[PDB]
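Only one structure is covered here, and it is reproduced in the block below.
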Amino acid sequence: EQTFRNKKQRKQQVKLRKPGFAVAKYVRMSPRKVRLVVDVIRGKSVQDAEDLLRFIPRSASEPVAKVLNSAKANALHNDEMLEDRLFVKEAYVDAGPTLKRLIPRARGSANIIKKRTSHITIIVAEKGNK
Amino acid sequence: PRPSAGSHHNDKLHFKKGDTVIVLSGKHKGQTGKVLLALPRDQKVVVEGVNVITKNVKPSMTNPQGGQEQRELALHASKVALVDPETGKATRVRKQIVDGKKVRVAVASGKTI
Amino acid sequence: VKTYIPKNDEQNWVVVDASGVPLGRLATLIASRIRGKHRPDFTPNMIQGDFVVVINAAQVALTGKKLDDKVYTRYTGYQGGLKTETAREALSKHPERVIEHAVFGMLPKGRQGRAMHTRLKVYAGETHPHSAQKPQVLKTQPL
Amino acid sequence: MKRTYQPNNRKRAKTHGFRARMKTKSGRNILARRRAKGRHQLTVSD
Amino acid sequence: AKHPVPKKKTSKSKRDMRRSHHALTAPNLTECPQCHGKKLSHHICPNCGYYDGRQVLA
RNA sequence: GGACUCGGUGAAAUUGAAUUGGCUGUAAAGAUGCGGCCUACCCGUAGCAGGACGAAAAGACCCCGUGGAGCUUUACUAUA
RNA sequence: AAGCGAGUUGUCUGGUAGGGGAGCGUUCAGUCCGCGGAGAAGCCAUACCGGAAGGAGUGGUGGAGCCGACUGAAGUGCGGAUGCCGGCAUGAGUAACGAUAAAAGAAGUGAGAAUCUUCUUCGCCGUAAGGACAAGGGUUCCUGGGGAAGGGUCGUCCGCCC
RNA sequence: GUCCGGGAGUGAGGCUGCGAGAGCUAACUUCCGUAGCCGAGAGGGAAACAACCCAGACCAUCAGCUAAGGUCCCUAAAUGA
RNA sequence: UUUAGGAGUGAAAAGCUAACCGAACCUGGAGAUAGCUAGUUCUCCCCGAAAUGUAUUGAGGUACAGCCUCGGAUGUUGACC
RNA sequence: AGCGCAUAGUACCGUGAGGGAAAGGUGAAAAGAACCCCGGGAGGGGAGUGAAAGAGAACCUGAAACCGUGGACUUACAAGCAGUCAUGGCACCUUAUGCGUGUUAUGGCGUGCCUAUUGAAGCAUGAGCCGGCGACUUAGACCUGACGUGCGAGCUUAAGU
């Protein structure tokens, strides 16, 4: 029983923007491997999320986790929520703008590659428990 | 480009410098249109109609302040023009005295200035 | 009003005898239970059997003049030397490792009987080592 | 080694370079065979 | 020179049961000698920098 | 020095679709989804070739085609 | 006022080249009183009917129109033509980073620094992989500056970009 | 029983019966005609499987019987005389 | 730097003219035309086949006739007994 | 889509005359935006702007193979690309009405479509998918013929007004 009639509202009157949001795009590591460092953090943010992703014998915290809390930088007090709260329901990503580049190979007629890219997606808004 | 203007209104509206009018079209209806220079060939106009809010920064230039008054928007003419009174009777009629630069006499219920 | 699967609940099998092998209702009385003996509410489709408590049946002996002879085979796809058709009293080092393999004609095809291979489970020693399965000891002589 | 062409275009000046289709009158129309004949610019001044 | 091309593929169905025979070993075992909690597989802080005695530095 | 620990990049030839074991048989007879039977706890990666009638251009060896081109001979004949 | 059948008996067979025959609907056009702001047209889904194709009940969302019966017109309808482009692909994260002609580090910096910078130690060429003239690229060289992207890691280095 | 016409097809089949032809009466080789069959429709029997015994359908009913095939089981049906 | 296209070069291979010359490329003449062959789009109600003969520099090419549908028709002429 | 050009026949392909893209769209109007955060920045917060910012400073609505997660349910001891029904099995009950919605161990068994094929179900071939193009017609007294109509003594071209 929120709203329905008058469809010029939800166009004019609505305030806010979109609670959450932090996705820096690009990513540069396939919409298949993004999830690989998000499908482990099904709990406790930069609490038992960080070090779980900060300390992990490789390179996957820089622009993986450092952007994953860019939401918090906005959740500082530009975005809703708290500190001793926060959730992130699940996780999902996609592709994005690339750029034809290549570097010839050998045999055949022509070699055809793609630099490939993604879209990180980082949100912390509509919650549950308190 | 930022499509606003209202240059699809066609340049033949007569207006110049120095004049007292009212408004319509909505949003206000409480705003005595006046003064201004107008811009033939794409025209900008705001008058005290819409009270914008458009904070400029504050470098080290000279501006440091902000503002919140006097700034662009849209909506050209087409509101409530002419008539010292308020409504009815056009005005584009002109004395056989040449001087198109500012011909003065209007319709029946018209004014000569 | 149909059937229902108890999913192991309503069962009451009767311990086999091996009280003297026969020559006609041997490799076929393998049914008369597994498929539906008396049938309390035997639900077709999925499997449904009971503890065929087989016994010794070392008493086994086959037919007469055509004893040490049968379609033994092995199947592997090669005919050079496979398919050892070791006669009865030649393969006579097992005979508790075949025999039971007489239910190779009664399986609803597909899975089913490829699951009833539990009730079988060796057995040829004349009641002792009943540690294989303790539960039933219902007997009931065979007709 | 030698390719199939290499720089230095003298035979595309006073022969087949802009004004060298008068020496061959029926080449003038050939010069005019992609300017006053159909669309497009030319091919000697990019 | 080309050796039997791809032809048949392996999209879904499979390519699923392939994140289990490896995955990641799953950890969270120990939590440092005394103060706070780091430790690794037998290896001193950088916090207090120690397994039980003097080492590393804040 | 490559095959294995780790960070980034990762394409092409190709291709209906895989709960993709086998026999012996059957089928326009070279069957793994067919027959009848036996059989495996499911998955990952290293490595190997029997395997899909392996891949590529719809054999160009050949024949069919009142197809072409190419050379020769006193082939019918033009012709400097 | 454009032709239509129960009552019934055989046929109502299944049909590949085919004969007679009905339509669903989109675009163009007729008549537009029109249908839509509670908003239709764009689209996502719910067991009414239809010979099939399809027509139906409602929101969702979306933003300005849209189709109708009687009608004629139109490049009127395969996913499928080893087609063509545009995008997603999978071979799959393996093979591979390039001629296998050694490198460690102090320190500058700062966002952390292993490949920059001030530098002691090592080694490969040095009829060379030196420097000038020849063709070429035209912006290489600098005062230097920033990662979006490129240099097939990337980087605070470029002769990227100003 | 009875012709004129708008327009087909694509010409290169297979098998059992009927008999020969080339033929160690051999060949889902090859020639022929004559019923059927598959090129244009499914099954039981036949292990499943184009011509073989029975049978070619309007869509719907977990209603009946006939022929083949079967009357021990895996999946029907008297180890009845 | 002239030679060039149906010519030159040439150590003769029948090699090359610019990564294939059994006679260069590009704009142009026609799409070489095609009985070859891939295909030729939504959903249907009742009917229905030939690889037999004649023709062919003619054969899985094509023509026609028995062989299908439809308009008209054939007032006793049907096939079985 | 339409000429390739709705501001490009850019760069160019390159041995040479000679061959060339792909690509449009925010609302009327940008008002394309001051003000504290992680960060190098790109990218993301507050809040006005915005009638309407799930237009959104590579921008209408925005269906889809591939691709992103969870969940009500089943599943590794069960075997066939797939199938349809079949008793069960957890869920739901937009009408207690032992009646169904989202489904599956398993059973009968059962082999794909296109489509040049006598002929198969094939391993005979064509096919990873998405979006479109998707052809015997168009002018021609070229002609024959169904139906409706004009007439029985019948019907018209050239353009002149």
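Residue numbers (PDB author numbering), protein chains in the order written: chain BT, 5 to 134; chain BV, 2 to 114; chain BK, 29 to 171; chain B4, 1 to 46; chain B2, 2 to 59.
Where a beta carbon is used, it is the ideal one built from N, C-alpha and C, also for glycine.
Under the three-state reduction of DSSP, which class applies to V41 (chain BT): helix, strand or coil?
helix
- Item | For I30 (chain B4), the three-state DSSP class (helix, strand or coil) | helix
*Which of the three DSSP states, helix, strand or coil, is assigned to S12 (chain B2)?*
coil
Review point. Interface residues of chain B2 around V44 (chain BT) at Cβ under 8 Å?
Key: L25
- Item | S65 (chain BT), DSSP secondary structure in three states | coil
Please work out which residues of its chain come closer than 8 Å, Cβ to Cβ, to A118 (chain BK), disregarding the five sequence neighbours upstream and downstream, and give them in chain order. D96
Notebook entry, point to check: Do the segment 41-52 of chain BK and the segment 78-91 of chain BV touch if we need at least three Cβ pairs shorter than 8 Å?
Noted result: no
Legend entry - Per DSSP, the bridge partner or partners of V81 (chain BV): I23 (chain BV)
* State the Cα-Cα distance for the pair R32 (chain BT) and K119 (chain BT), rounded to the nearest angstrom. => 9 Å
**Message:** Tell me which residues share the same chain as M74 (chain BK) and place their Cβ nearer than 7 Å to its Cβ, disregarding the 5 neighbours each side in the sequence.
**Reply:** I33
| said: Using 8 Å for Cβ pairs, my map puts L37 (chain BV) next to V46 (chain BV). What's the rounded Cβ distance? | reply: 6 Å
Item to check | Nearest neighbour of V71 (chain BT), chosen from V128 (chain BT), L103 (chain BT) and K11 (chain BT) [CA to CA] | outcome: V128 (chain BT)
Practice prompt. Output the distance between the C-alpha atoms of residue 1 (chain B2) and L90 (chain BT), rounded to the nearest integer angstrom.
Written response: One cannot answer for residue 1 (chain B2) here, as it falls past the ends of chain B2, which runs 2 to 59.
Original post:
Who are the Cβ neighbours of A82 (chain BV) in its own chain at under 7 Å, not counting the five residues just before and after it?
Top reply: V22
Using the three-state DSSP reduction, which class does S122 (chain BT) fall into: helix, strand or coil?
strand
Could you work out which residue in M62 (chain BV), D43 (chain BV) and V104 (chain BV) is closest to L76 (chain BV) when comparing CA atoms only?
-> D43 (chain BV)
Identity of the residues DSSP links to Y30 (chain BT) by a beta bridge: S122 (chain BT)
Practice problem: Spatial neighbours of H29 (chain BV) within its chain, please: CB distance less than 8 Å, with the 5 preceding and 5 following residues excluded, ordered by chain position. | Solution: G50 and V51
Since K35 (chain BV) sits in a beta bridge, which residues does DSSP pair it with? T21 (chain BV)
message = Restricting to Cα atoms, I'd like to know which of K93 (chain BK), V126 (chain BK), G105 (chain BK) and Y106 (chain BK) is closest to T114 (chain BK).
response = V126 (chain BK)
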